[PDB]
Amino acid sequence: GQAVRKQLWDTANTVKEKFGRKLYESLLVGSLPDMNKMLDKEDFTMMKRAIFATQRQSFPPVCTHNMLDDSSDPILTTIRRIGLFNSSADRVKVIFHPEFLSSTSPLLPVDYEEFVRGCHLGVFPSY
Amino acid sequence: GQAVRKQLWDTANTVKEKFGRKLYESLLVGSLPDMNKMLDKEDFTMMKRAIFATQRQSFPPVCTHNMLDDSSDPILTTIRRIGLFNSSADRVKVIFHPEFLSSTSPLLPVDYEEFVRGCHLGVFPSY
Amino acid sequence: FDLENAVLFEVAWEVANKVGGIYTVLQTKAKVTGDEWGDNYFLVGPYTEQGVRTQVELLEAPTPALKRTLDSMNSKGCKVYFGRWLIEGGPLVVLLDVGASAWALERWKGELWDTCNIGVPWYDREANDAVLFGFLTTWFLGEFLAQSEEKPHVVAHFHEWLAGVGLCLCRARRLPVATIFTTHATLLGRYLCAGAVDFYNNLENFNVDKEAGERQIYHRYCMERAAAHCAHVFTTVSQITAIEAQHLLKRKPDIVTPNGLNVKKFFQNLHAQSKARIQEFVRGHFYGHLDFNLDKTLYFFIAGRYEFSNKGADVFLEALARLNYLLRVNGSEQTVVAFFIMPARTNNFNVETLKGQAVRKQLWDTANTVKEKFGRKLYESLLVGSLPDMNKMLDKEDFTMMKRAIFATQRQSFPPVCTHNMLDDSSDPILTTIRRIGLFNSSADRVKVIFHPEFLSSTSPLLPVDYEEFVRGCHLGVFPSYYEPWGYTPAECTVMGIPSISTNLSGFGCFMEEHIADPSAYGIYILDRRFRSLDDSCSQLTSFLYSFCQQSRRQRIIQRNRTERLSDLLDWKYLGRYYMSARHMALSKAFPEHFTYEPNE
Amino acid sequence: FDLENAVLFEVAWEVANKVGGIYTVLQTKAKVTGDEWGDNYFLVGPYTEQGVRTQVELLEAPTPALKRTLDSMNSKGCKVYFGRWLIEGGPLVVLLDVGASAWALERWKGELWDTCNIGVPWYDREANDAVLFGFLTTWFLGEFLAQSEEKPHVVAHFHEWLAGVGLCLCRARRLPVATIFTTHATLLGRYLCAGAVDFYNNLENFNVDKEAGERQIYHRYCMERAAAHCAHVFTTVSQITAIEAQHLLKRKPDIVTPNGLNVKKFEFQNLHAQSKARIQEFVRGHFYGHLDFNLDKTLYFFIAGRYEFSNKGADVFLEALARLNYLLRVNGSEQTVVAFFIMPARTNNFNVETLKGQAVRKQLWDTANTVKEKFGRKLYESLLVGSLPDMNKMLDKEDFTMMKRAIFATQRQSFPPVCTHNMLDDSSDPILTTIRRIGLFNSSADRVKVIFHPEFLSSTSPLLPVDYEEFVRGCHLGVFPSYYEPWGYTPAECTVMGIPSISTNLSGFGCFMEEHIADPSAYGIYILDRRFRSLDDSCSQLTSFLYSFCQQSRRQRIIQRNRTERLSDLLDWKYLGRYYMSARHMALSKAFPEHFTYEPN
Amino acid sequence: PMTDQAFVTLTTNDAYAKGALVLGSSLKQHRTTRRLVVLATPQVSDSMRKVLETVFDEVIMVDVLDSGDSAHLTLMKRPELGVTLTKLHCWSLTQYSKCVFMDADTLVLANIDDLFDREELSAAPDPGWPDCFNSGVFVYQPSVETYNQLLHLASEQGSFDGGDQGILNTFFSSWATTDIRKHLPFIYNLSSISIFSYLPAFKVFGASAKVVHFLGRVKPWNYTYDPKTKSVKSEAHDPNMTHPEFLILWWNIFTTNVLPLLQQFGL
């Protein structure tokens, strides 16, 4: 999933740069950009691959790291039981990240401090 | 002239970045960008102003520097006599830079060696 | 050059499915061949569900001729799909399905026996599937010619033994097709090089029929030899492959068509940034044993699959030990760091390696925080007009952070040779050799070996560096391979500024020798394993490595820049000419009368 | 409350051309009025070539009825254009040209005299232009009604004095369109304030006719008063403007419609800090060598808008600053007040001293960063070896000299300049004269430092290249002790941003805030009661406000800022949309009530 | 509505204020869409500067004796060029993207908003040396840079004629050869000396005159007008009076549309 996000971003950058050049050339001539002529045939093949990449039928995962024992995990067992499988219909999607968040990790590069700062609310109910 | 080039490049960057985001967002949903909708009304105004800046009917100057003594200048007198006034019709455009090319200078901020490397040919009909 | 009514059909097993390196070749050949053959460029290939889903767009036939052809085949109990491969140049791909035609495999095998007397055993999947592919490709070509009433002239460039069945059948059906076969690597060559003690010199001595039979790969051999004999033009990837082909496949390559690489890999700024990142990794890995000067330090690397014999990593490892001895005995400030980036069974980053990178992080963080604080205090002091009191600028608060940082650095144990803890350590050829050679990264050693068992990737926690970026940092790349048909890895290096030592047994090396009279000046050193003994070759490598080491900064810069100019020789633009010749020669060999089908050479 | 067939035509001189603040109102009113009137929202405004290209995309008529109207107008020697303004809400705009004055002299003007017994002098451009505009608008709407199926409800909203000629004619020609006339300012009011000694209290006493005549502005006044009398519903921007209208125009406003702004201006507490940093950098630069003031304790107060000494009550602010200086001096405070007067004047480029000071700040920063970087490298290298930093030796001789030059460049010299740009007339500048008299000369002893920037702050400018909005966000407080401001566009912007802003009873925004907020002070908008106090007592009141702000706790000030961010909703078009909708409904009710009658809100 | 573009003019005294009043009036009569911004030296009386305040949109004040003025240092180098340095302040008017400068001894005969079509320093070929541009009427574009360069030239090399024409011709030498679009038709800046010196052309191309420029020592305001006869004081041959309409059309415009404005403000 993170790799496809990378691919989509990379495709965006390649097409964006090409648009940049063509727009800059067109603006220099003194003509407003001709939409539908900006994108070259290669750019369509690049983007068509990207759109093909961003296709899934399986509902998005509820746990970023694979569990040693998925059945055992109390959090994961409940995520199933409660009826949160992160379906398209669900308005609440649960992402259980088992590893202590670290800067080094490819997914969510933020350190615990920065991830805490990003979140809107911190729900910590404690017995 | 150099400033307008800068403005057009900056504008192209701003529009490029906005296209970048909109393309990335469009790709993330799984659809090839709808080209007409990519550019917002806000940019159409920025780009329209940019193409308004480009508009000129006056031929680009034959020198790059305002000369303290203009009329005397042998090069300029000859350029006028020869008829190379950088007219639209002319295939030969003469640009006289009366200062040693320097890193400090705003235009062509390349030192002599780098400028020499860029040119296709060097004509030195020394007497 | 009269290709108006010629149709190019580059039958291949890797047309959509990335089985191997051949895949990169096709994906890169497609752009240039695209211009030459226009929309007549078709890449017949095997059908993979994953392939069509991600890389193949589905479109309708551009010319009606094929619509009938695809329809007839689709209606006859077979599945064929036409689409645009979404790779650069948008080459139209007809993907035959080798699962859907399973029903007729027994029929196809029967025909093969009568036609080419090449049985394929029941067990082998790679060939059984190839026979299906070959028969289906022959069928496609036959159907195309039949349904297209104005009959064109078709040139079918089969690119491996897997597509070889097609050429055999096509020639026998006597379809009006100019057929080119290509052996990207001789089948027997891979088995013989590892299996036999002296594969290269005994090439003449080896009896192919005997040898292949012994390895139970005979059917696969027979098909590859049959295709070569049958093919109107037989081509090979490299001159070294040609030598193998003459003595093993038994038909001399008509043309040598090198597997060039599209130069979209493409500078000094990038080199510097990459070297800095590499330097930071080194700083981290050595964890307080950083007694060497890093500015003088040189990085050498070997990449590819983890083949000890094939990539001749033993030569590099022995030669590093000799370089160590020479550097230590002579006066050396310069220290060599050799990075063996070869895939292995890694479990996780070794404790020391991970910890080492963390201390680099800590020292960087501590230094940055103190630096920032000093900067602010300096700026404030300068604003007042008072020259900074150096002693006062660092607070007691800083001297605690820095003291902790210095306390972290202290280590006793020499930095590890391998970055990842291996699942199996004893067996690992690289590690065994490192131990034998004596390179334990001891303080005294001038050559320090860092074996990275995982292909360098952005994902990796220690080093989020892509192979490309790491390559751009290292000073030299050493690839003393024994059996590389075309070193893809050395070619990539050369396209990047990096000077690369290659062998006279590698495709890239032999190709460079053939194309440049004085190889050394341009940064590609050609270690001669072909006529030299193993030990003498090692000594030759040591000499090369030492020569590179004993090179002043400015001279090294020249070497690397000369390497960048050798990029054009590898690029498909130039290198496309060799295949274009092969097609034109194929067109000339068969149906000679028609059009302008005559060979210049 | 349903407008079945009503068509809204907001007629104004600033519909596409940014002459004045009215233009911002329309550009901002357009979105909300867009929703209420749908596609029946038409803006009638002057054609400007530059305006049309940058802001307007030309369009074709939505309505066949409209097409007829456009064609008829085009036919009879008028060059009306129709298009979509690219501002939010995409309103349809009919931009008629005032350059098509084919018969305006002695035909249109002639007609006006017969109809309204009013004449326009040859010399006045604005009045002459307005007669052209007014006659054309009256013609357009009259023609539209005639050519289309008769819409009993069409609502024409005239938004300024010079659009009011149209309203006079429309009602006089007995056309059924409902007319709303809105005076964003009183024409006579602007001249009478400043021009007379005591405009505000003597409002009732003034013989408007005499005063108007005396100023050779009589024609303009007559037009404004005529429009007011003519409109069925008369609106005014503020309650203070209403009081002026009651006496000057001799007509009470039927409804008072406050101007509004967008809420699109903006944790998002970065901006106060980021902007303050940018501001703080300028201060450091400007005051180099006199930097004994605590730069975290320093508070920045600003007055902006156009340049009017009396109207924006810059004199009151300056006098109050002198009193604040005395208070801060007598009772020792770490806090220092820096007052920025960002009022545009005609001046030369940045003063030598100011530019040099900024350059010295740049040099000091550059020196600090370079020395910081070198410390960074040496510290990092020292830590990596595993040794103490040794701070004494970390800085090299080379940096010691660079810093020595830096400390020399920051020589105290003379007291820092009061004005960033040297004024064309420094001697007579109303601000500079007062600053000198009051005694604020940026002396080392003074706790109040005045920096007058006579150019509108812009990104292009070399020194403080900060856009007005960003500068406003950085300042702690904004002081706008306005005397005549009909509506405070400047104070309004500040409050929407969350900057606490002094306003006055005499300012329209001030009066509005008093009416809508029970305690002005608590929500961070201070009200000065300049209407019911003498000038000196008002100054003393401002000093009290300024001093209170200065003596606010850091935490208290933070709270105050956050409170202001709630007051944005009072000025948002969503809420203020109610007042104009009321005016429009009242218009329909006043004349021809039978079709649509709505009871008062 | 064209707030971006202006006709500029320079009044150095009350005498040249009457000229400016007539020019301004003539631009209004021919229905310019563009703002008429005068420039007045301190020398123009307060009472006159109210009349100039009525007719002309912005009487921007330029004084080269004030030490705050941008040209003051230059004036100390070139004390003979006070008038010229004042005129050159036309380039300081950066509130406008393009302007037409017109000397106060010009009179407009038809709408010339098409002058705004032309680019920087498009001026009529000067009578006499036809390689210099009569700086009476020149389209031009305001700029601080251009202005500073002009002041530099004024200090460094001054002017050949010790006047605006010289300082402008040296700086914009390109006009003579570079482009013909920069040449304005003589009818846009018709010096009367042309009607006198070369009457035959005027007879043929004079009808089309768009701007008349009153050259020679005796300016239009100096003449005596008897409205009863509608005839100017007739001297011996004066260039202006070669055409008894161009000057008559000055005097009429004055009498009709200025004496009213003048009397109101106390002249």
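Each chain carries a letter (A, B, C, D and E) given by its place in the written order, and its residues are counted from 1.
FYI, a residue touches a chain if its C-beta (ideal position, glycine included) is under 8 Å from a C-beta of that chain, and two chains touch if they have at least 3 such contacts.
Peer 1: Report the chain closest to the protein's overall CA mean, measuring from each chain's own CA mean.
Peer 2: B
Peer 1: If I rank A-C and C-D by number of C-beta contact pairs, which comes first?
Peer 2: Per the contact counts, C-D leads.
Peer 1: Roughly how far is chain A from chain E, centre to centre by C-alpha average, rounded to an integer in Å?
Peer 2: That pair's centroid distance is 67 Å.
Peer 1: So how far apart, in whole Å, are chain B and chain E when each is placed at the average of its C-alpha atoms?
Peer 2: Here the centre of chain E sits 35 Å away from the centre of chain B.
Peer 1: Centre to centre, by mean C-alpha position, how many angstrom separate chain A and chain D?
Peer 2: 43
Peer 1: Kindly provide every pair of chains that touch.
Peer 2: A-B, A-C, B-D, B-E, C-D, D-E
Peer 1: Touching chain A in the complex: which residues of chain B?
Peer 2: 5, 8-9, 11-13, 15-17, 19-20, 23-24, 27-33, 35-36, 38-39, 44, 47-48, 50-51, 54-55
Peer 1: Per the contact definition, I'd like the list of chain B residues that touch chain E in the complex.
Peer 2: Its residues touching chain E are 56-59, 61-62, 66, 68-71, 76, 80, 85, 87.
Peer 1: Mind pulling up the chain A residues that touch chain C in the complex?
Peer 2: Per the stated touch rule, the residues are 6, 41-42, 45-46, 48-49, 52-53, 55, 104-106.
Peer 1: Per the contact definition, I'd like the list of chain E residues that touch chain D in the complex.
Peer 2: Counting only chain E, the residues touching chain D are 1-4, 25, 28, 31, 33, 35, 54-55, 57, 60, 66, 68-70, 97, 144, 257, 261, 264.
Peer 1: Applying the document's contact rule, which stretches of chain D touch chain E when the two form their complex?
Peer 2: Where chain D meets chain E, its residues are 17, 19, 46-51, 98-99, 101, 122-125, 129, 216, 346, 348-349, 422-427.
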